[PDB]
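S.K.: Taken in sequence, the protein lines are chains A, A' and A''. A prime marks a further copy of an entry chain. Counted from 1, the first sequence has number 283 at position 282 by the deposited numbering; the numbering is strictly sequential. Counted from 1, the second sequence has number 187 at position 186 by the deposited numbering; the numbering is strictly sequential. Counted from 1, the third sequence has number 306 at position 50 by the deposited numbering; the numbering is strictly sequential. The beta-carbon is built from N, C-alpha and C at its ideal position, and this holds for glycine as well.
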Amino acid sequence: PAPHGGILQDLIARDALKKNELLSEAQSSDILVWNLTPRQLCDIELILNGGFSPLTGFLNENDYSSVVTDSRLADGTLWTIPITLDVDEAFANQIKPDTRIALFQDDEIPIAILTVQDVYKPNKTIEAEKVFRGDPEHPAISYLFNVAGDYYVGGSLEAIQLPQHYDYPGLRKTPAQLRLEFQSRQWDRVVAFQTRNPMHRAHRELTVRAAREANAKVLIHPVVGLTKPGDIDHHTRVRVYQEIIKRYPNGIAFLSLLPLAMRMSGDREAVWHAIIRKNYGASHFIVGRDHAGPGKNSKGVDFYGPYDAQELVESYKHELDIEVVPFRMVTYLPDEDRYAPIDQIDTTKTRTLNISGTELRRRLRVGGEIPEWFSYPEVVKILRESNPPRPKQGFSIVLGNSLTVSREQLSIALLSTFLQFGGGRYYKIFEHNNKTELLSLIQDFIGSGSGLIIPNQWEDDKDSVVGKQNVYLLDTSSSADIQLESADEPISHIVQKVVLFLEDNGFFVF
Amino acid sequence: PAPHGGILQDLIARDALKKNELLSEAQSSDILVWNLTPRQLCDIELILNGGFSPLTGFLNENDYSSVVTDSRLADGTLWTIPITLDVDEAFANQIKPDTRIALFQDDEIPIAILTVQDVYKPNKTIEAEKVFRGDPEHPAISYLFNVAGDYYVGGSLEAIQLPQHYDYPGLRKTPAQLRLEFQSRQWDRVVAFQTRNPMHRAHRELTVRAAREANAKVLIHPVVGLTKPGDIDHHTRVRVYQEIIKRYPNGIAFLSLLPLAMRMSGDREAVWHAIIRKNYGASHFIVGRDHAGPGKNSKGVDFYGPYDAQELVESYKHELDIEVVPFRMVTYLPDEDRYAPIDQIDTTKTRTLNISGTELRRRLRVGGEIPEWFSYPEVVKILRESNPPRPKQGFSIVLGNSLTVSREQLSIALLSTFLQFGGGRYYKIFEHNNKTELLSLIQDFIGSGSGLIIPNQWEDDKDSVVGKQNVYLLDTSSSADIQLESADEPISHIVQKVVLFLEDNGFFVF
Amino acid sequence: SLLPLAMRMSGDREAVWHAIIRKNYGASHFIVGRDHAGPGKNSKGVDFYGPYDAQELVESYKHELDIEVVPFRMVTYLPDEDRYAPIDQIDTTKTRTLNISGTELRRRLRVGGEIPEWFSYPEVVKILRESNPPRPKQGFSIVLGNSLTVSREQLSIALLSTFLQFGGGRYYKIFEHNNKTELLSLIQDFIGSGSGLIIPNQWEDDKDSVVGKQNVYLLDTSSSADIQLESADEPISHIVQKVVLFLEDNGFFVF
Ligand SMILES: [Ca+2]
Ligand SMILES: [Ca+2]
Ligand SMILES: [Ca+2]
Ligand SMILES: [Ca+2]
Ligand SMILES: [Ca+2]
Ligand SMILES: [Ca+2]
Ligand SMILES: [Ca+2]
Ligand SMILES: [Ca+2]
Ligand SMILES: [Mg+2]
Ligand SMILES: [Mg+2]
Ligand code: NA
Ligand code: NA
Ligand code: NA
Ligand code: NA
Ligand code: NA
Ligand code: NA
Ligand code: NA
């Protein structure tokens with residue numbers, strides 16, 4: 002269907018003949034520069050390539066306010082997620098309306114020139130409540146307060162070039178490009194599938210049934226910008242998509258990556274996804290259970306109800322101009338060797354099997370088997386590689402502050418001991434000297450599968466620098482992972498405690 | 002047989018009742034301390050545990066000189082390798098005869114008290130020529146000049162404790178201990194096998210035949226102190242020995258580790274090995290082809306003739322007091338599915354197969370198959386782990402000084418590109434800032450299998466800090482591993498050059 | 257169909273006889289092979305019959321045998337073509353051919369080695385391996401020679417305890433025959449059963465015939481001993497080693 006607002010605002014194409022001129026202005030000595038944050042790069046790419054039609058810049062306060070309370074742009078155009086350029090006070094003060102500023106990437110690549118319409122300090126409590134529902138634990142609110150700038154700069158954009166990406170150049174289709182790809186194949190009915198996760202047999206099955214019921218071709222449009230915190234990296238995920246797309250019948254599916262920065266804003270985001278896919282050329286879209294929802298908070302309560310998304314999108318059905326296909330999740334029937342829509346089988350009368358994310362995570366952590374009815378083997382092989390089991394995981398042993406035995410000798414004892422065991426893990430007694438440049442290397446070593454022995458703890462005002470994954474404290478204190486019987490426990494006893502701890506946790510296997 | 006000189010100089014046992022007294026003296030405030038170098042720890046352990054009977058300390062000049070020219074101690078006792086305590090001038094000056102000094106390990110563990118008999122500056126050109134044959138490339142001469150102190154301190158030793166080791170506590174038998182292990186099994190004929198390498202089927206076969214011909218039990222006595230430069234680490238090797246010892250018929254073999262510091266001094270060392278094994282309780286010993294020889298020098302010439310060792314040991318036969326079993330190397334006969342002594346088959350009349358070290362190294366580098374007739378599978382599995390093939394090897398790409406493209410962008414491009422590929426290798430753009438504390442981490446990352454992208458070169462006065470294995474220079478210069486067409490070559494072209502280079506070299510496999 | 261014939265291995269005469277016999281059983285044709293029904297060569301390595309005596313003799317009686325004799329066209333395997341072809345059709349020096357002699361087949365079976373499907377069908381090879389197991393599965397006997405002055409009761413006990421350490425499932429027995437025929441005749445049955453027997457003393461020479469000599473080894477100082485002792489009073493532990501390593505060299509034990 003036609004782009005939201007009727008026109009594809011592909012600013013790259015619009016400004017093609019001003020590229021040199023704009024590029025030269027961006028590189029002028031007198032122009033004020035702003036370095037785009039990683040989320041802003043995600044947003045500006047979608048504005049510049051028309052992914053966010055009718056947007057043609059970051060929202061000024063007039064539009065922003067309507068989006069916050071009315072879920073629309075001041076002109077009444079449905080638009081549920083505010084896209085603004087958040088800056089700090091120091092920069093906001095240097096700019097006034099009509100000021101033209103340059104937006105760079107990595108402090109070296111000019112992306113666009115923004116003509117300032119306004120500068121304002123939004124009430125983040127209202128946005129937090131109105132747009133994201135108010136739970137301080139909602140990733141969007143966390144970002145809203147802890148990362149986002151306190152001042153929004155609204156203004157019209159002029160394009161120099163889209164944010165630079167060196168990976169998957171072939172798959173990052175812009176709206177215009179994707180539309181031409183469909184057009185060259187004569188596809189005029191396309192159902193799009195959103196995801197920020199690996200795809201298993203069930204996803205393959207459900208998307209194909211969608212294709213069959215909507216009489217449409219399939220578009221697997223995964224998000225590769227910012228997704229939920231803790232999600233699997235997009236490189237791993239792209240590898241999985243590239244693998245699963247080969248499992249569809251020839252000529253029925255197309256894989257294209259979307260550099261979107263999700264807010265995990267549930268029902269509002271679901272609407273936004275529909276609009277965005279319409280701009281990219283899809284005729285149909287599937288909205289899932291708790292679509293774009295971040296789940297439950299600490300108190301175990303739902304950030305959104307499982308059907309809020311589908312209900313909200315349905316309420317805007319008459320103006321979305323993109324058909325929404327009903328979400329029919331499928332489950333595996335052992336006794337019939339097939340998948341079937343969950344709404345068609347009687348739980349208490351028919352056998353069904355499925356592997357929850359929690360269980361999948363466990364199996365991967367212990368190197369256990371994962372059945373082909375759940376996920377294709379080539380897909381599982383990829384997941385095991387990016388997330389190796391414990392015998393292949395790195396780790397660190399931190400000699401606590403309470404230790405009175407010789408740190409130099411205990412570290413040497415641990416090294417010599419670990420080195421006896423096989424498995425190929427690399428070991429290092431690592432001294433950081435409380436230097437940040439060294440502390441930041443700890444998780445890289447662990448990520449590399451290495452075993453580090455750290456002679457002493459770093460200062461508390463440095464915790465933030467070190468990731469806590471697979472990092473274990475050896476100390477007399479109660480908060481120690483490997484508790485010492487006493488501060489002067491004999492080195493050989495300590496060594497045993499560590500070895501058996503690592504064994505119990507799967508790092509060593511004999 | 003009886004220890005060389007007639008008495009096992011086990012100083013640990015001799016001084017058992019002075020341990021507290023000696024320990025207290027070593028920890029006195031006024032006593033002069035010397036930190037033992039890694040080779041001296043190897044030597045003192047063998048002196049203290051009687052491994053070097055009749056030695057009871059480091060050689061004074063009187064004995065040392067006789068060993069250098071006469072191959073004997075001043076009393077006429079056969080002794081071919083000088084064992085001295087080499088120190089720098091600053092320390093030598095602080096000591097005079099009768100001075101009692103303490104010998105520590107790791108600057109914290111007291112090993113012994115040495116009563117200085119003399120202090121002298123040896124003519125290292127004579128020792129180099131007389132003891133090690135004079136080739137400046139002989140590892141012993143290299144050490145003699147580049148590492149060893151210029152002053153020898155001769156003196157009698159009193160034991161506090163043997164050098165601390167936390168790995169393989171069970172297998173490091175002292176002479177007295179090994180002798181009791183043989184005695185408890187009623188073994189009175191034992192043939193010992195020396196090695197600083199992995200053991201393959203041929204070694205298993207030849208040692209068993211030795212046992213059969215000498216009517217003796219087998220002692221696999223591998224060196225785990227210092228061996229030849231470039232040798233496989235002893236942890237890997239011990240794993241292999243522990244594995245192969247299980248392939249002998251029950252009750253025929255015993256595995257014990259020897260903390261010797263080899264000099265790779267060919268025929269002289271061969272004699273020394275015989276003496277040492279006699280002290281440890283062996284009745285027989287096998288002297289191999291080019292036994293304890295370092296091979297050929299740069300000009301491709303032999304450091305020693307292949308039979309110098311066997312000939313020298315044979316010339317001392319009447320006073321060694323340990324039988325030397327003839328070395329009968331075996332080779333595999335495909336057509337008969339068996340190994341047979343090489344001196345029994347006609348090369349041109351019978352089929353024989355064998356895998357040279359060079360070829361073994363290749364197969365391991367490319368992950369190729371290695372047949373069970375060559376080495377037991379459990380042994381090969383261990384070698385593959387410590388020395389993984391290229392797809393599992395780490396590496397570094399150094400952005401040369403000639404580069405005029407943006408280093409920050411080229412590094413980012415390489416990262417994003419590498420991250421597309423699968424395989425689980427971990428990647429890092431690593432900035433060392435010419436800091437030693439960071440440069441020394443490069444090979445640890447590579448040893449961990451990681452891929453590092455280094456934005457700029459380090460200063461030449463730092464080369465020594467970084468190992469050169471799997472480190473590749475991207476530069477316009479001729480000495481670059483990955484040569485740029487020009488200093489400003491487009492980033493995408495450079496990326497391709499690197500990817501294809503790494504592929505050609507096996508790091509990436511598609 | 258099985259024929260309860262008692263062959264005489266009488267070469268060409270027997271070949272004729274086989275033709276007659278098959279005619280009686282109803283065959284219209286018969287193949288006479290190379291050295292058909294021949295026993296091979298004698299000690300001096302000379303042929304009991306010429307390779308074509310049989311075919312020639314049968315051919316000379318062709319007009320009265322009343323059964324057609326089909327020419328014998330032996331086939332060989334062509335690796336490069338994955339097929340068998342008549343040996344009389346290929347040029348030895350121009351075309352690759354593979355084949356496994358009886359001697360080699362026997363070896364492979366004795367050592368448990370692989371035998372390729374181009375030579376014999378796997379189900380056929382499985383059967384041959386069962387009736388003729390490789391050395392690790394073969395029985396054997398160790399006879400303590402008459403020259404031994406060490407204690408026979410202790411050496412036998414030492415050997416037993418030692419063998420019992422090793423795995424593999426072979427059953428062991430210190431077997432006393434007391435020169436009784438009823439016991440001596442059981443030796444090869446035990447060996448045929450895969451068992452390992454330790455025999456404390458030799459039987460009288462007028463009894464040799466009763467015991468098969470397969471896998472029976474003499475431990476003695478004499479020159480004709482399979483496992484030669486350094487001396488009659490060699491220490492028991494040394495003797496044990498000599499035996500273990502001998503059995504290993506010969507494939508009975510594998511570690
Ligand atoms: Ca703030
Ligand atoms: Ca719920
Ligand atoms: Ca205490
Ligand atoms: Ca010097
Ligand atoms: Ca040579
Ligand atoms: Ca240029
Ligand atoms: Ca013949
Ligand atoms: Ca005697
Ligand atoms: Mg882009
Ligand atoms: Mg020690
Ligand atoms: Na429409
Ligand atoms: Na999904
Ligand atoms: Na709700
Ligand atoms: Na002696
Ligand atoms: Na060797
Ligand atoms: Na020579
Ligand atoms: Na003839």
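Going by the CB atoms, is the gap between A'/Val219 and A'/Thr228 shorter than 8 Å?
M.R.: Within the second sequence, numbered from 1, the residue matching residue 228 of chain A' stands at position 227. Within the second sequence, numbered from 1, the residue matching residue 219 of chain A' stands at position 218. Using a Cβ distance threshold of 8 Å, A'/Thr228 and A'/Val219 do not count as a contacting pair.
S.K.: Compute the beta-carbon to beta-carbon distance between A'/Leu9 and A'/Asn280, rounded to the nearest angstrom, for a pair I have assumed lies under 8 Å.
M.R.: One-based indexing of the second sequence puts residue 9 of chain A' at position 8. One-based indexing of the second sequence puts residue 280 of chain A' at position 279. 7 Å between Cβ atoms; contact.
S.K.: Look up A'/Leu365 in the DSSP assignment and say whether it is helix, strand or coil.
M.R.: What you label residue 365 of chain A' is simply residue 364 of the second sequence in a count that begins at 1. Note: A'/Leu365 maps to helix in three-state DSSP.
S.K.: Whose C-beta lies closer than 7 Å to the C-beta of A/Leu416 among residues of the same chain, with five residues either side of it excluded?
M.R.: In the first sequence, the residue the question calls residue 416 of chain A occupies position 415. Around A/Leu416: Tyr428, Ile430 and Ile454.
S.K.: For a test of the three-state rule: what should DSSP assign to A''/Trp459, helix, strand or coil?
M.R.: Counting from one through the third sequence, the residue named residue 459 of chain A'' turns up at place 203. Three-state DSSP puts A''/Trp459 in coil, outside helix and strand.
S.K.: If you draw a straight line from the alpha carbon of A/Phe133 to that of A/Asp89, how long is it in whole angstroms?
M.R.: On the first sequence, position 132 is the one that residue 133 of chain A refers to. On the first sequence, position 88 is the one that residue 89 of chain A refers to. Their backbone Cα atoms lie some 22 Å apart in a straight line.
S.K.: Of all residues in the structure, which have a C-beta closer than 6 Å to any heavy atom of ligand 12, taken in chain order?
M.R.: A/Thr196, A/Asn198 and A/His204
S.K.: Does any residue of chain A' bring its CB to less than 8 Å from the CB of residue 1 of chain A?
M.R.: Only positions 2 to 511 of chain A appear in the structure, and residue 1 of chain A is not among them; the question remains open.
S.K.: Distance check for A'/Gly51 and A'/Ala160, CA to CA, integer angstroms please.
M.R.: The residue you call residue 160 of chain A' lines up with position 159 of the second sequence. The residue you call residue 51 of chain A' lines up with position 50 of the second sequence. Whole-angstrom Cα-Cα distance: 11 Å.
S.K.: Buried or exposed: A'/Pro230, going by 16 or more other Cβ atoms within 10 Å of its Cβ?
M.R.: Here residue 230 of chain A' corresponds to residue number 229 of the second sequence, with the count starting at 1. Counting Cβ neighbours within 10 Å, A'/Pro230 comes out exposed, since fewer than 16 surround it.
S.K.: Can you list the residues near ligand 14, meaning Cβ strictly closer than 6 Å to any non-hydrogen atom, in the order they appear in the chain?
M.R.: A'/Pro2, A'/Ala3 and A'/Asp322
S.K.: Counting only beta-carbon separations shorter than 8 Å, does A''/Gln394 have a partner in chain A'?
M.R.: To locate residue 394 of chain A'', count along the third sequence from 1; it is residue 138. Closer than 8 Å: no.
S.K.: Would you say A''/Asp489 touches ligand 8, meaning its beta carbon is less than 7 Å from a heavy atom?
M.R.: Sequence index remark: in the third sequence, residue 489 of chain A'' carries index 233 (1-based). A''/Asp489: yes, Cβ under 7 Å from ligand 8.
S.K.: Between which two residues does the alpha helix (DSSP H) containing A'/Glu128 stretch?
M.R.: The sequence position of residue 128 of chain A' within the second sequence is 127, counting from 1. Counting along the chain, the alpha helix (DSSP H) containing A'/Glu128 begins and ends at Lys125 to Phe133.
S.K.: Check the Cβ-Cβ distances between A''/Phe286 and every residue of chain A', and say whether any is below 8 Å.
M.R.: As a first step, residue 286 of chain A'' must be located in the third sequence, where it is residue number 30. No, A''/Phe286 does not count as interfacial toward chain A'.
S.K.: Please compile the residues from chain A' whose C-beta is within a distance smaller than 8 Å of the C-beta of A''/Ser493.
M.R.: Translated into positions along the third sequence, residue 493 of chain A'' becomes position 237. Correct list: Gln187.
S.K.: By how many angstroms is the C-alpha of A'/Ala103 removed from the C-alpha of residue 1 of chain A'?
M.R.: Since the displayed chain A' opens at 2 and closes at 511, residue 1 of chain A' lies outside it and no answer follows.
S.K.: Pairing CB atoms from the segment 142 to 157 of chain A with CB atoms from the segment 82 to 99 of chain A, are three or more of them under 8 Å?
M.R.: yes
S.K.: Please check if any C-beta of chain A' sits within less than 8 Å of the C-beta of A''/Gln410.
M.R.: By 1-based counting over the third sequence, the position of residue 410 of chain A'' is 154. Cβ-Cβ to chain A' under 8 Å: no for A''/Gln410.
S.K.: Return helix, strand or coil for A''/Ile346, following the three-state DSSP convention.
M.R.: For this step, residue 346 of chain A'' is matched to residue 90 along the third sequence. In this structure, A''/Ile346 counts as coil in the three-state DSSP scheme.
S.K.: Measuring only from the beta carbon, is A'/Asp151 closer than 7 Å to any heavy atom that is part of ligand 4?
M.R.: Taking the second sequence and counting its residues from 1, one reaches residue 151 of chain A' at position 150. It does: the Cβ of A'/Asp151 is within 7 Å (strictly closer) of some heavy atom of ligand 4.
S.K.: I need the straight-line Cα distance from A'/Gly135 to A'/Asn124, nearest angstrom please.
M.R.: Position 134 of the second sequence, counting from 1, holds the residue named residue 135 of chain A'. Position 123 of the second sequence, counting from 1, holds the residue named residue 124 of chain A'. Near 13 Å, if we compare the C-alpha coordinates of A'/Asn124 and A'/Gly135.
S.K.: Per DSSP, what kind of secondary structure is A'/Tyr340 in: helix, strand or coil?
M.R.: Position 339 of the second sequence, counted from the first residue, corresponds to residue 340 of chain A'. Here A'/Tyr340 sits in strand by DSSP.
S.K.: When you compare the CB positions of A'/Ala27 and A'/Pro111, do they come within less than 8 Å of one another, or not?
M.R.: Working through the second sequence from its first residue, we reach residue 27 of chain A' at position 26. Working through the second sequence from its first residue, we reach residue 111 of chain A' at position 110. The answer is yes: Cβ separation under 8 Å.
S.K.: Run down chain A' in chain order and give the residues with a C-beta less than 8 Å from the C-beta of A''/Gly369.
M.R.: By one-based count along the third sequence, residue 369 of chain A'' stands at place 113. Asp338, listed in chain order.
S.K.: Assuming A'/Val326 contacts A'/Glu214 (C-beta within less than 8 Å), just tell me the rounded distance between them.
M.R.: The count along the second sequence starts at 1 and reaches residue 326 of chain A' at position 325. The count along the second sequence starts at 1 and reaches residue 214 of chain A' at position 213. Indeed they touch by this definition, with Cβ atoms about 7 Å apart.
S.K.: Quick one: which chain A' residues come within Cβ less than 7 Å of residue 513 of chain A''?
M.R.: Shown here, chain A'' extends from 257 to 511; a query on residue 513 of chain A'' therefore has no answer.
S.K.: Strictly closer than 5 Å from CB to any heavy atom of ligand 17: give me those residues in the order they appear in the chain.
M.R.: Shown in chain order are the residues whose CB sits closer than 5 Å to a heavy atom of ligand 17: A''/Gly306 and A''/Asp309.
S.K.: Is any non-hydrogen atom of ligand 5 found closer than 7 Å to the C-beta of A'/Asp303, if you look at the structure I gave you?
M.R.: Against the second sequence, residue 303 of chain A' aligns to sequence position 302. Yes - ligand 5 has a heavy atom lying nearer than 7 Å to the Cβ of A'/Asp303.
S.K.: Tell me which residue opens and which closes the beta strand (DSSP E) that A''/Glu373 is part of.
M.R.: Locating residue 373 of chain A'' in the third sequence gives position 117, where the first residue counts as 1. Counting along the chain, A''/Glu373 sits inside no beta strand (DSSP E), nor does DSSP assign it H or E at all.
S.K.: Roughly how far, in whole angstroms, is the beta-carbon of A''/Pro335 from the beta-carbon of A''/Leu354, given that I think they are within contact range, below 8 Å?
M.R.: Numbered from 1 along the third sequence, position 79 holds the residue referred to as residue 335 of chain A''. Numbered from 1 along the third sequence, position 98 holds the residue referred to as residue 354 of chain A''. Contact flag correct, Cβ pair sits at about 5 Å.
S.K.: When DSSP builds the beta bridges, which residues end up paired with A'/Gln106?
M.R.: Taking the first residue of the second sequence as 1, we reach residue 106 of chain A' at position 105. Under DSSP, A'/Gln106 takes part in a beta bridge, and its partners are A'/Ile110.
S.K.: Quick one: is A''/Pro260 buried, meaning 16 or more other Cβ sit within 10 Å of its Cβ, or exposed?
M.R.: In the third sequence, counting from the first residue as 1, residue 260 of chain A'' sits at position 4. Looking at its Cβ environment, which holds fewer than 16 other Cβ atoms inside 10 Å, A''/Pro260 is exposed.
S.K.: Kindly list, in the order they appear in chain A'', the residues whose Cβ is closer than 7 Å to that of A'/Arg213.
M.R.: As a working note, residue 213 of chain A' is residue 212 in the second sequence. Per Cβ cutoff of 7 Å: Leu501.
S.K.: Could you check which residue in A'/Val117, A'/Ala17 and A'/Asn402 has the C-alpha nearest to that of A'/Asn94?
M.R.: As a working note, residue 94 of chain A' is residue 93 in the second sequence. It is A'/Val117.
S.K.: Would you be able to state if there are at least three C-beta pairs under 8 Å between the segment 380 to 387 of chain A'' and the segment 440 to 458 of chain A''?
M.R.: no
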